[PDB]
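*Asks:* Residue numbers (the entry's author numbering), protein chains in the order written: chain m, 51 to 159; chain h, 57 to 111; chain g, 2 to 106.
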Amino acid sequence: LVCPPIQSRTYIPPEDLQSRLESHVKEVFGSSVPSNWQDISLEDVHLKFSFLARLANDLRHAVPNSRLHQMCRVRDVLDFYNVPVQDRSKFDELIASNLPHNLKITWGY
Amino acid sequence: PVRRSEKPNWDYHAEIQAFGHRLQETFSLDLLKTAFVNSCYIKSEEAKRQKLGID
Amino acid sequence: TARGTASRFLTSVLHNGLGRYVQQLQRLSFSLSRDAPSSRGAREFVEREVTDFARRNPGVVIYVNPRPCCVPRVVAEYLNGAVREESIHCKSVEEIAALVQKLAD
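#1: Measuring alpha carbon to alpha carbon, tell me which of m/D66, m/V75 and m/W157 ends up nearest g/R68.
#2: Beta carbon of g/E78, beta carbon of g/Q27: below 8 angstroms?
#3: How would you call g/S32, buried or exposed, if buried means at least 16 neighbouring beta carbons within 10 angstroms?
#4: Expressed to the nearest angstrom, what Euclidean distance is found between the alpha-carbon atoms of h/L79 and g/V75?
#5: Do we get a CB-CB distance below 8 angstroms when we pair m/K76 with the residues of chain h?
#6: Using the beta-carbon of each residue, which ones in chain g are nearer than 7 angstroms to m/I155?
#7: For m/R125, which option in m/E72, m/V135 and m/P134 has the closest C-alpha, if you only look at C-alpha atoms?
#8: Could you check whether the Cβ of g/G20 sits closer than 8 angstroms to any Cβ belonging to chain h?
#9: Which of the three DSSP states, helix, strand or coil, is assigned to h/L79?
#10: Between which residues of its own chain and m/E143 is the CB-CB distance below 8 angstroms, once the five residues before and five after are set aside?
#11: Contact criterion: CB-CB distance below 8 angstroms. Does h/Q73 meet it with respect to chain m?
#12: Are h/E71 and g/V14 closer than 8 angstroms when you measure CB to CB?
#13: Please give the ranges of any beta strand (DSSP E) in the segment 16-44 of chain g, keeping only runs that are unbroken, at least 3 residues long and fully inside the region.
#14: State the DSSP-derived secondary structure class of m/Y159, mapped to helix, strand or coil.
#15: Within a Cβ cutoff of 8 angstroms, which residues of the same chain sit near m/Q57, ignoring the five residues on either side of it in sequence?
#16: Output needed for g/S40: all residues of its chain with C-beta closer than 7 angstroms, excluding positions within five of it in sequence on either side, in chain order.
#17: For m/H151, return the contacting residues in chain h, with the cut-off set at a CB-CB distance below 9 angstroms.
#18: Between the segment 53-61 of chain g and the segment 86-94 of chain g, do three or more beta carbon pairs fall short of 8 angstroms?
#19: Using a C-beta cutoff of 8 angstroms, does h/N94 count as contacting chain g?
#20: Taking all protein chains shown into account, decide if m/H96 is buried (16 or more other Cβ within 10 angstroms of its Cβ) or exposed.
#21: Below 8 angstroms between beta carbons: does that hold for g/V65 and g/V84?
#22: Residues in the same chain with beta-carbon distance under 7 angstroms from m/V78, minus the five sequence neighbours each way, listed in chain order, please.
#23: m/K98 touches chain g at which residues, Cβ-Cβ below 8 angstroms?
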């Protein structure tokens with residue numbers, strides 16, 4: 051009985067993305083890649099679960115529920131993972147935004 | 057009457073910087089901080105340092 | 002009623018505006034609530050406006066406290082020693098911005 055450490059969900063995409071994802075296409079779809087590898091259809095449920103699982107553990111990320119309606123070609127996965135997401139709220143973004151010297155903020159929680 | 061320094065919202069450095077900024081004057085902050093220091097404040101500070109055993 | 006109140010003659014503090022204009026507002030302190038709804042407008046003004054307002058008015062110090070508080074207030078304080086209280090309670094962002102701009106001058 052252990053409780054594993056919680057991930058912070060702060061997400062920045064790695065540089066090797068295209069190659070990562072293309073190797074994941076090759077290995078997952080069990081297919082010799084057609085010349086356009088980002089346009090191949092994700093419709094099959096087997097391939098979908100496999101692809102998104104291996105992509106879940108490589109990129110240390112999960113595609114949230116609703117979003118799964120919108121994923122059709124691989125280009126969609128490329129575009130999803132190319133968009134960064136912070137966990138820092140408006141206030142933490144504010145303290146880190148290089149404030150003017152005449153403005154002083156305290157935290158009351 | 058109570059010192060604004062003892063009331064809830066106080067940042068002394070911000071006040072000092074602002075002071076000069078609102079009269080449109082350039083002070084080395086060192087000299088201005090020097091300027092508001094009085095012999096009385098020092099004598100009291102020494103009273104407290106002696107009676108509390110603080111160095 | 003004019004017979005009910007006191008009165009003053011037209012006055013400037015410290016003969017202001019003669020040598021130079023000295024903006025009279027000194028400190029401005031907001032108290033909002035991160036959780037509660039009545040502070041909604043007060044929140045946005047802190048995100049978007051407070052930065053640009055502080056850049057525009059180098060003279061006034063702006064203190065901002067989130068605290069477990071139910072009626073968001075802004076307390077203006079003057080070079081005069083005068084203190085003025087406002088509730089920014091349940092107001093839009095354009096309304097907060099406008100009020101603060103009234104206090105400023």
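Even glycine gets a Cβ: it sits at the ideal position worked out from N, Cα and C.
*Replies:* Looking at the atomic coordinates:
#1: m/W157
#2: yes
#3: buried
#4: 25 angstroms
#5: no
#6: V65
#7: m/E72
#8: no
#9: coil
#10: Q136
#11: yes
#12: no
#13: 26-33
#14: coil
#15: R110
#16: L33, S34 and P73
#17: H69, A70, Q73, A74 and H77
#18: no
#19: no
#20: exposed
#21: no
#22: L97, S100, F101 and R104
#23: Correct list: empty, because the minimum Cβ distance to chain g is about 39 angstroms.
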